[PDB]
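Colleague: Quick one: the structure is below, and I'll ask about it shortly.
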Amino acid sequence: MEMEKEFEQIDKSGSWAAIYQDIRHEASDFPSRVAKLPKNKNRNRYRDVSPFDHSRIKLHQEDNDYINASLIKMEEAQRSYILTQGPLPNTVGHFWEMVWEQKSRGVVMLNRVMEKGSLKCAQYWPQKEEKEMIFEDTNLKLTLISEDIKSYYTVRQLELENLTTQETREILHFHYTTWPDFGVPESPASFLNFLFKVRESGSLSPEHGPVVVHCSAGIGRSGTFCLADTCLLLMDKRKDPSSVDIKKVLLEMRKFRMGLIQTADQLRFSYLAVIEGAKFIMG
Ligand SMILES: N#Cc1ccc(O)cc1F
């Protein structure tokens, strides 16, 4: 079926939970043996969210190459993404090592450091220009260059220096700051505006390594971001945009990382975002 009318048909019939459970039943199951080794317990935020072995990002280190991060490669859309958990106190250096090694231009953050009164990820970037951060375990230095605070999101320019080679690179930090503590946003308008700002920066384009996207677990809000982006790109590329099937795209993405889209409300919100976004691309 088309999307917008499949949408109204699920709303009128109140069957979002049944649709979402079908997706969960059909999703791929692949091994995640490296994630579950005992030496990696303090590298995982949640015991039930792990990268598959076949798609995990490897750190260029001979001691321990593990990080909770997955490469999502979308062949028809010609887009790639790295989805990862919010960094932990003992993985902030690994996080920036990955950004460096994979040649990423942008980092997309969809959570606040504290939500619901608890810490959802480490304070992994510097908050003042004159107070830089040094990660001694991976030999990297990170400096805040500028910050632009808007009503729904903040954009930061950062400098990452590889202290071994003295090479430097500019990284863009796109921080969506207004996702509610419970539920999903009422309108997709500010999320779409944010997606378009990431696109306009070059961070999603083939001349750079894959964008790094995270929330707390790296599957829920993060899944919504890449699902919406890929669906809108396919609608631009194809002769028949109504042929784009969001449930099929989500199942393809779940071949590369488990659990993408965590609730039926997040599924409905993804439909809403793609529907409204398709009108702005042209309406
Ligand atoms: N990209 C892409 C893509 C194309 C067709 C499909 O059924 C699912 C997909 F993710």
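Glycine is treated like the rest: Cβ placed from N, Cα and C.
Quick paste from Swiss-Prot:
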type	residues	note
ACT_SITE	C215	active site, phosphocysteine intermediate
BINDING	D181, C215, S216, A217, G218, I219, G220, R221, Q262	substrate binding site
MOD_RES	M1	N-acetylmethionine
MOD_RES	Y20	phosphotyrosine
MOD_RES	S50	phosphoserine
MOD_RES	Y66	phosphotyrosine
MOD_RES	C215	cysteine sulfenic acid (-SOH)
MOD_RES	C215	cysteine persulfide
MOD_RES	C215	S-nitrosocysteine
MOD_RES	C215	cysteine sulfinic acid (-SO2H)
MOD_RES	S242	phosphoserine
MOD_RES	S243	phosphoserine
Colleague: Between the modified residues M1, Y20, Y66, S242, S243, which lies closest to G218 (substrate binding site), Cα to Cα?
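Modeller: Closest by Cα: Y66.
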Colleague: Least buried of the recorded positions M1, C215, going by other Cβ atoms within 10 Å?
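Modeller: Comparing Cβ neighbour counts within 10 Å for the recorded positions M1, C215 gives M1.
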Colleague: Just name the winner among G218, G220 (the binding-site residues) by count of other CB atoms within 10 A of its CB.
Modeller: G218
Colleague: I'm trying to understand the geometry here, so how far is the Cα atom of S243 (phosphoserine) from the Cα atom of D181 (substrate binding site), in Å to the nearest whole number?
Modeller: 34
Colleague: Helix, strand or coil: which one is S243 (phosphoserine) in, per DSSP?
Modeller: helix
Colleague: Round to the nearest Å and give the CA-to-CA distance linking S242 (phosphoserine) with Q262 (substrate binding site).
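Modeller: That comes out at 25 Å between the alpha carbons.
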Colleague: Mind giving me a neighbour count for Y20 (phosphotyrosine)? Other Cβ atoms within 10 Å of its Cβ, every protein chain shown.
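Modeller: A count of 20.
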Colleague: Relative to the Cβ position of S242 (phosphoserine), how many further Cβ atoms are located within 10 Å?
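Modeller: So the Cβ neighbour count for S242 (phosphoserine) comes to 13.
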Colleague: For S216 (substrate binding site), which of the three DSSP-derived states applies: helix, strand, or coil?
Modeller: coil
Colleague: When a 10 Å sphere is centred on the Cβ of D181 (substrate binding site), how many other Cβ atoms does it contain?
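Modeller: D181 (substrate binding site) is surrounded by 9 other Cβ atoms within 10 Å.
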Colleague: Could you state the CA-to-CA distance between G220 (substrate binding site) and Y20 (phosphotyrosine) to the nearest Å?
Modeller: 13
Colleague: With H, G and I counted as helix, E and B as strand and the rest as coil, say where DSSP puts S50 (phosphoserine).
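Modeller: In the DSSP reduction, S50 (phosphoserine) maps to coil.
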Colleague: Can you count the other CB atoms that lie within 10 A of the CB of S50 (phosphoserine)?
Modeller: 22
